[PDB]
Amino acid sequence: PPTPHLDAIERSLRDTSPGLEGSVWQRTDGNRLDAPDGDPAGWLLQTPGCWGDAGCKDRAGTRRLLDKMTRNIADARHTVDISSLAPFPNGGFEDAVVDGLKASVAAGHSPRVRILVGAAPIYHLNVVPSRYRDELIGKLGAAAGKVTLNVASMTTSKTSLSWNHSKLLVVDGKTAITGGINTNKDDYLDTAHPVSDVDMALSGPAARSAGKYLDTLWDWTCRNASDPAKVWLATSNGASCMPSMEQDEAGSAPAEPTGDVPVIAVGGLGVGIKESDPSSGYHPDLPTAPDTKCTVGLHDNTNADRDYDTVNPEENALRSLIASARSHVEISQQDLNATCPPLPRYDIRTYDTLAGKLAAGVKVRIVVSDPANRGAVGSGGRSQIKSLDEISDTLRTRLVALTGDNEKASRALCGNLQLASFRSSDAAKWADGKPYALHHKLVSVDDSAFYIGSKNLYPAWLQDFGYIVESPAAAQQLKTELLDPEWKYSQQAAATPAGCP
């Protein structure tokens, strides 16, 4: 079965980051999207799960996610690997970890557990690694003695604003859950205005790839625990730091296939873990584009740093995913643009890819969080634009720089772009009064290949991770369960760009 989209992406990754293949990115065959019996699209873990339910009273999606987390952890024979943005998992997310670990120990297992959060320099951690570890030990009760814990919070670069943003639960290097959902109660559980988000669950070789990716983060984390300004670390039972837990579990035997799905796992190392992939011949012609709307204070890693690309293959992976689109591309994000300054306002190569698609007659849909969303920098659901015009005006600009004249740009823009704010029902706001907040990091292309992960399309220099699936059948499920409903309701909040019918 042909995989023309994964093939193009694989070429981009082998060109950008050849030395990171097998660790920070990896293509594998033989995966299974991990759906429960009698719910074939159940591998797609949407939250809160209230399409066309403005009141959203039975938040069945959140319950299905927490249940799947607990069950995966309950099945752990050897290793549990969790990463998140700070804080450490709390609320129902912590209940899932505790319940699943107690069940695993009850079944006779002595699991090793890594829990990694990234922390912004401005963010004050209320519950520090030693306190979180003590809290888990108490909740684990008698089972604590059989559980080997590594708990760590980390910041890889204070000046370039880089820390772990990946959101992973890997069990035994066999199952993996990833997506945009942060494991903290205040965004998804304890709230009447819940953020809209999506995770995906799979099993097979691509779960090991995510494990290998976490081994790269923990190799750095264990070494840099010598610098407490960068790493706070706590272990239990006198355990050592476990930098290579996933590799030790994997062994020498290659991962066993569990289905027939081809998957590209891909992440990035942000800034401050590794300066470049020094086996890489990557030599891009980096775009000359200005922006009389903003200029960065910090050196622009997104738009003007060859080295950063080579240790952040996920940036080019998303670009080449969009560039592989021969018929249509759906983008569903919190944001396309970042707050500038301190970060660049947008990723020039991404917007140039999109404009090229528009000019070639490819359909482009962009759904972002409502600009009405004001929140602090770390808020799930915030918006970094004041109006959707900051997206179409940017495409309009990149279109004239491409084509030559402005009405050629208008025919591309007005006839091929759908641009809207997220809605999940007929209500413009939650019943709560507050607006809908969108936290997806999702791209889907030609109803055949899609990314679900933690890497936003707007500029950010964090450590991120996600999966690119190519599967017409799975993308059909994605279309039915998420994209078609999203457009059904978001189109009520559509934008008509400046200069269009």
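Numbers follow the displayed sequence, beginning with 1. Think of the rigid core as the biggest set of C-alphas that the two forms share within 1.5 Å after superposition.
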{"query": "Rigid core superposition result in 4 other deposited structures of this protein, more deviant of 289-297, 136-144 by Cα", "finding": "289-297"}
{"query": "More shifted region, core-based fit in 4 other deposited structures of this protein, 304-312 vs 426-434 by CA", "finding": "426-434"}
{"query": "Higher-scoring stretch by recorded Cα B factor average, 323-331 or 402-410", "finding": "402-410"}
{"query": "Comparing 67-75 with 297-305, the one whose average Cα B-factor in the PDB entry is higher", "finding": "297-305"}
{"query": "Deposited CA B-factor, highest of 316, 216, 387, 240", "finding": "387"}
{"query": "Deposited CA B-factor, highest of 99, 187, 248, 260", "finding": "187"}
{"query": "Residue 464 by Cα B-factor - lowest, middle or highest third of the modelled chain", "finding": "lowest"}
{"query": "CA B-factor ranking of residue 220, expressed as a third of its chain", "finding": "lowest"}
{"query": "Chain-relative CA temperature factor third for residue 446", "finding": "lowest"}
{"query": "Cα B factor band for residue 272 (lowest, middle or highest third within the chain)", "finding": "middle"}
{"query": "Third of chain Cα B-factors occupied by residue 360", "finding": "highest"}
